[PDB]
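> sequence, then the experimental structure. Questions to follow.
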Amino acid sequence: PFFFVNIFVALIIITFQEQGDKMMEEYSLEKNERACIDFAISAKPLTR
Amino acid sequence: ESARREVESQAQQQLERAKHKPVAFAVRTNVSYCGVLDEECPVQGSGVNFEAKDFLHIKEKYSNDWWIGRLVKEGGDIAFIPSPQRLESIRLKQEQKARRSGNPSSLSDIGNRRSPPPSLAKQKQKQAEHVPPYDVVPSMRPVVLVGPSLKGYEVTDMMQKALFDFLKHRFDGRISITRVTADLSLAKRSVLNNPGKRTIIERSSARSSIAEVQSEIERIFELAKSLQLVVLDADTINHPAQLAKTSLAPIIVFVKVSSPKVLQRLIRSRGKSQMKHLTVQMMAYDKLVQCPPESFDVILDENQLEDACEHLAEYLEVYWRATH
Amino acid sequence: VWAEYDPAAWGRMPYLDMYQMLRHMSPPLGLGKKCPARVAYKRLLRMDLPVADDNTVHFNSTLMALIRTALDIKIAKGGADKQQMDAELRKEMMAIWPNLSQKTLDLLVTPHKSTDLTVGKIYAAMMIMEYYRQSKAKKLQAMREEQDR
Amino acid sequence: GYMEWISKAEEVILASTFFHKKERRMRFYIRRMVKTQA
Amino acid sequence: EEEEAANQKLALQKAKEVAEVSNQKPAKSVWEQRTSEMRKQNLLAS
């Protein structure tokens, strides 16, 4: 209950495959930069 | 002219009938010269474009200027090699195309000091060393494999005997094994005409070990002429430069551990006996590593027995295809 | 914060208020209220935002370079490499966002004209003038301390 | 890997327990058997 | 990776003696991708 159960939870966590994306491997950086520039895409100033 | 064509056909006929005859002996080159670009060859279009550090195998007799030789490359055809006197003649032709070769410089000094060429401008001088263009080497290379640290001890001796076993078993009937119990690093050729020719002279070198070492050199030559490859179990030489300038010029095999951290524990696996000599065992290891890899012929840098076993197997397999 | 400075929040702010802005903000995106002036100008020099004719800077264009300078995205150290990397970045976004309008791409990735007056150029000049003024001030002091003997 | 190297090299050269030479060869032969896949 | 690198490096050095006669990778997990990114970012500080 304590050790082996936590082994299963750890093994699935460590080896969880990324959800699809079809493996383009044409883009260079990705990582945090992919999401950060996307925020710059849809950025709307707050309106009073 | 009919004379040149007649000797062209006679040489071609001689080459054809000598294609299946035994090899006489081999020579050593130290200059990058091509024998296909020289117009003085008896047959044009069948020269040899061989660089330095190369093997040539001469079989038959032509003249005092040219010889019929073959390359140790695979597929190499029968070509013509210049004689040592011919190379000396063509060596003199190398620096004659220059503006000046002797003492009189051409620094805006024309018609003032004619300076006819004395004996200094010929090959008579510069005889302090006078390395010959050709050296006598065994037909096929003796196999000298150097231990990772130092031969004569348990850990090193275990390294070669395993390889000694495989070369004897897999290649039985075509490989001869010989052990050089005595020294082999005293192979000199330009020391004296005959140091210690007789054992009754009671000279310093006559009663020394040089006489037996000198006699061991030609035994390796004898094993080479009978077409079987030979190895050397020399227990004294531990560095490439120790047996590199000699007339043997053999194939050097390296067995090494990847890291000294592995070697020290491998030495520990033998027992307390090697702990006394462990200190001298380590300085003898890193010295060989500091030697450039290009000095060695083949490198066994890996770990497993079987893959290292096949590494030397295919290498001399090239050497057997190459010289056949 | 950006909407707070401009209550109307049209999307354009004077370049002068940017220097006051980045100090209020915390690092890494901001500079911090304790940031030295010289370090602040050094980041602005790498940020390289063009300035509009009304002396204002766009919200989206400013946001990109602050992301650009903080994550070191395709940042060359200078020269023609800047144009090559910007063109490579433009292609990647078009490959990732095919529906991105060209005006938005030119608004986010500004095409660099040599005539354009950038924020970096403005801060480069004042630092040079400050350095020249300080160098002249030191020279006048130098020729004075050496003359009192 | 090198520990495996010397083991076969020691195997070749070697080819009360000390008193009986037939015991020394016998322990040599049984040593072969244990590593067999069977 | 080491046995692959040692394999290619050996067969190239082996090919020198032979000169006279004459990639597979499974997709990395989310844990490994982020871990590699965090390694570079922390090593960037130096």
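Noted; the coordinates are in hand. Numbers count the residues shown, from 1 in each chain, chains lettered A, B, ... in the order given.
> find the closest residue to chain A in chain C.
residue C:3 (3.6 Å; CB to the nearest CB). For the C-beta atoms, the positions are set from N, CA and C on the backbone; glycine is no exception.
> show me where the chain has its helices.
Looking at chain A here, since you left the chain open. Secondary structure of chain A (DSSP state H): helices located at A:3-14, A:31-41.
> the chain in question should be chain E.
E:2-18, E:30-45.
> starting at the chain centroid, how far to the shortest one?
For helix E:30-45, the distance between its averaged C-alpha position and the chain's averaged C-alpha position is 17 Å (CA atoms, centre = their mean, to the nearest Å).
> can you check stretch C:137-145 too?
With CA atoms, centre = their mean as the basis, stretch C:137-145 stands 34 Å off its chain's centre.
> show me which residues of that stretch are buried.
By neighbour count on 16 or more other CB atoms under 10 Å in any protein chain shown, the buried set for stretch C:137-145 is empty.
> residue of chain C nearest chain E, please.
Taking CB to the nearest CB, chain C has residue C:72 as its residue nearest chain E, at 8.1 Å.
> next one: that residue relative to residue B:82, how far apart?
64 Å (CB to CB, to the nearest Å).
> these two: who's more crowded?
The neighbour comparison of residue C:72 against residue B:82 (other CB atoms under 10 Å in any protein chain shown) goes to residue B:82, with 24 against 11.
> ramachandran coordinates for residue 21?
Defaulting to chain A. Note on residue A:21: its backbone torsions stand at phi 70, psi -10 [degrees, to the nearest 10].
> for the residue nearest the centre of chain D, which residues are in contact?
For chain D, residue D:28 is the residue whose C-alpha lies nearest the centre (CA atoms, centre = their mean; 3.5 Å). Counting by CB atoms under 8 Å, 6 or more residues apart in numbering or on different chains, residue D:28 touches D:14, D:15.
> if you set the cut-off to 10 Å instead, what comes out?
Counting by CB atoms under 10 Å, 6 or more residues apart in numbering or on different chains, residue D:28 touches D:11, D:14, D:15.
> for the second one, give me its contacts.
For residue D:14, the residues meeting the contact criterion (CB under 10 Å, 6+ apart) are D:24, D:25, D:27, D:28, D:31.
> can I get these in CSV including secondary structure?
What follows is these, written out as CSV (DSSP: H, G, I helix; E, B strand; the rest coil):
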residue, secondary structure
D:24, helix
D:25, helix
D:27, helix
D:28, helix
D:31, helix
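> residue nearest the centroid of the chain?
Let's take chain A. Short answer for chain A (CA atoms, centre = their mean): residue A:18, at 7.6 Å.
> sorry, I should have been clearer: chain B.
residue B:249 (2.8 Å).
> using CSV, list the CA coordinates for the strand or helix carrying residue B:218.
Using DSSP states H and E, residue B:218 maps to helix B:210-225. Output of helix B:210-225 as CSV, limited to C-alpha atoms (Å, rounded to 0.1, in the frame of the first residue of the first chain):
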residue,chain,number,x,y,z
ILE,B,210,74.6,-6.2,-28.4
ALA,B,211,75.8,-9.2,-30.4
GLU,B,212,72.7,-11.3,-29.7
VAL,B,213,70.3,-8.4,-30.2
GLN,B,214,71.9,-7.7,-33.5
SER,B,215,71.6,-11.4,-34.5
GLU,B,216,67.9,-11.3,-33.6
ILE,B,217,67.1,-8.6,-36.2
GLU,B,218,67.7,-10.8,-39.3
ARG,B,219,65.7,-13.7,-37.8
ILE,B,220,62.6,-11.5,-38.1
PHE,B,221,63.6,-10.9,-41.7
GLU,B,222,63.9,-14.6,-42.3
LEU,B,223,60.3,-15.2,-40.9
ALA,B,224,59.0,-12.5,-43.2
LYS,B,225,60.5,-13.9,-46.5
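> count of neighbours near residue 19?
If you meant another chain, say so; for now it's chain A. Residues near residue A:19, counting by other CB under 10 Å: 6.
> my bad, the chain I had in mind was chain E
With other CB under 10 Å as criterion, residue E:19 counts 10.
> contacting residues for the residue of chain D found nearest chain E?
Closest to chain E within chain D is residue D:1: 11.7 Å, counting by CB to the nearest CB. Contacts for residue D:1 (CB under 10 Å, 6+ apart) come out as B:257, B:258, B:262, B:266, B:302, B:303, B:304, B:305, B:307, B:308.
> count of residues packed around the second one?
The local packing count at residue B:258 equals 13, with neighbours defined by other CB under 10 Å.
> what's the spacing between the residue nearest to the centre of chain A and residue B:32?
58 Å.
> try residue B:52
Remark: distance between residue B:52 and residue B:32 (CB to CB) = 5 Å.
> kindly report the same for residue C:139.
65 Å.
> you'd agree the residue of chain C closest to chain A is up against residue A:45?
Yes - assessed by CB atoms under 10 Å, residue C:3 is found in contact with residue A:45 at 4.5 Å.
> need the overlap of contacts for those two.
The contact sets of residue C:3 and residue A:45 overlap at C:9, C:11, C:59 (CB under 10 Å, 6+ apart).
> and the residues you listed, which of them are in helices?
Among the shared contacts of residue C:3 and residue A:45, the members falling in helices are residue C:59 (criterion: DSSP H).
> narrow the shared contacts of residue C:3 and residue A:45 to just the buried residues.
C:9, C:11, C:59.
> OK, contacts around residue B:41?
So residue B:41 contacts B:11, B:35, B:47, B:48, B:65, B:66, B:79, B:80, B:81, B:82, B:86 (CB under 10 Å, 6+ apart).
> now it: how far from residue B:48?
10 Å.
> over to residue E:18?
Per CB to CB, residue E:18 is found 22 Å from residue B:48.
> ok but residue B:273 is inside a helix, no?
Yes - with three-state DSSP as the criterion, residue B:273 is assigned to a helix.
> doesn't residue B:154 make contact with it?
Yes - counting by CB under 10 Å, residue B:273 does reach residue B:154; the two are 7.3 Å apart.
> which one's more surrounded, those two?
Neighbour count, other CB under 10 Å: between residue B:273 and residue B:154, residue B:154 has more, with 15 against 9.
> nearest residue to the more buried one other than its sequence neighbours?
residue B:270 (4.9 Å; CB to CB, 6 or more residues apart in numbering or on different chains).
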